Each structure stands twice: as structure tokens, then as C-alpha cells.
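Since the structure comes first, as C-alpha cells, the remarks are kept for the end.
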Amino acid sequence: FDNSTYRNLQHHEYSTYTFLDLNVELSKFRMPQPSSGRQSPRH
Amino acid sequence: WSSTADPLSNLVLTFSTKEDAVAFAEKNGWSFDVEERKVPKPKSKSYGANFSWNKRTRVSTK
Numbered sequence: 068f069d070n071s072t073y074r075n076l077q078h079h080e081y082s083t084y085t086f087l088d089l090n091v092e093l094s095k096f097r098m099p100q101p102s103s104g105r106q107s108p109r110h
Numbered sequence: 114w115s116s117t118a119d120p121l122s123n124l125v126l127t128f129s130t131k132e133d134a135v136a137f138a139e140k141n142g143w144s145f146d147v148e149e150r151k152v153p154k155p156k157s158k159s160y161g162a163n164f165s166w167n168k169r170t171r172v173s174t175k
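Chains K and L, in that order, are what the protein sequence lines are.
Position in the first sequence counted from 1, then plus 67, gives you the entry's author numbering.
Position in the second sequence counted from 1, then plus 113, gives you the entry's author numbering.
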């Protein structure tokens, strides 16, 4: 154990698409979305 | 300029009720046409309806 170093260095390796790649990866973990019964409020 | 020959072109009378105007016209010998008062009907306003979950009343902009 030690309080010497810094444990948040990983965000040094983040690119322009990292957030959306993570969203794509999590896409398969979700549950089916609820539906309002329309395709759009203008349908 | 704009010229007229009738002396009643500017005559407008104010009355509290329709019956008063009808009585005045009748006693003065004028034949008249009466139009019923038009009143806007009460309306149902809902600010929340601007953000409906499944209705068409949800607004796309504010």
C-alpha cells in the first residue's frame, strides 16, 4: 500500500471516438426500449 | 378630395343592450338588421401538453 502515484493515467490514451466506441460496445447490454406507439410526434 | 352627399355617413350610436338599440331604431322609423353578439368560446389550455409522451401536441421547439 502507498499513496504515492496517480492512478488516472489511462485517459492519456483516449482518442476522438473513444466515447462512441464505448457506447457501441454497451449497445448489446441494454434492455429493449419503451415505445410511445408512434414513429414520431408528427406521425 | 372625397365628396359625399349623404348626411348620415358619420352617424354611429352606442347602446348598452341590443333591445335599447332596437327600440331607438323603431321609434325613429328606421328599418334595421340585428346581428347576434359573437363571444369567443372557452378553451382548454395546458402548458404540460407541450411535452406529451405519446400525443401530437408535443412541440418541436420553444
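A virtual CB, placed ideally from N, CA and C, is assigned to each residue, including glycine.
Specify, as a first and last residue, the run of the alpha helix (DSSP H) that residue i falls within.
i              : result
residue 135(L) : 131-140
residue 92(K)  : 85-93
What does the alpha-carbon distance come out to for the pair residue i and residue j?
i              : j              : result
residue 171(L) : residue 83(K)  : 35 Å
residue 134(L) : residue 146(L) : 11 Å
residue 105(K) : residue 129(L) : 53 Å
residue 142(L) : residue 136(L) : 10 Å
residue 102(K) : residue 168(L) : 12 Å
residue 72(K)  : residue 81(K)  : 20 Å
residue 76(K)  : residue 175(L) : 43 Å
residue 109(K) : residue 166(L) : 12 Å
Can you check which of these residues, the options, is closest to residue i by C-alpha distance?
i              : options                           : result
residue 163(L) : 156(L), 173(L), 155(L) and 157(L) : 173(L)
Q: May I ask you to verify whether the stretch 146-159 of chain L touches the stretch 81-88 of chain K, counting CB pairs closer than 8 Å and requiring at least 3?
A: no
Q: Taking only beta carbons into account, state which residues of the stretch 133-158 of chain L come closer than 9 Å to chain K, listed in chain order.
A: none
Q. Quick one, which residues of the stretch 89-108 of chain K are near chain L if we go by CB-CB under 8 Å, in chain order?
A. 103, 104, 105 and 108
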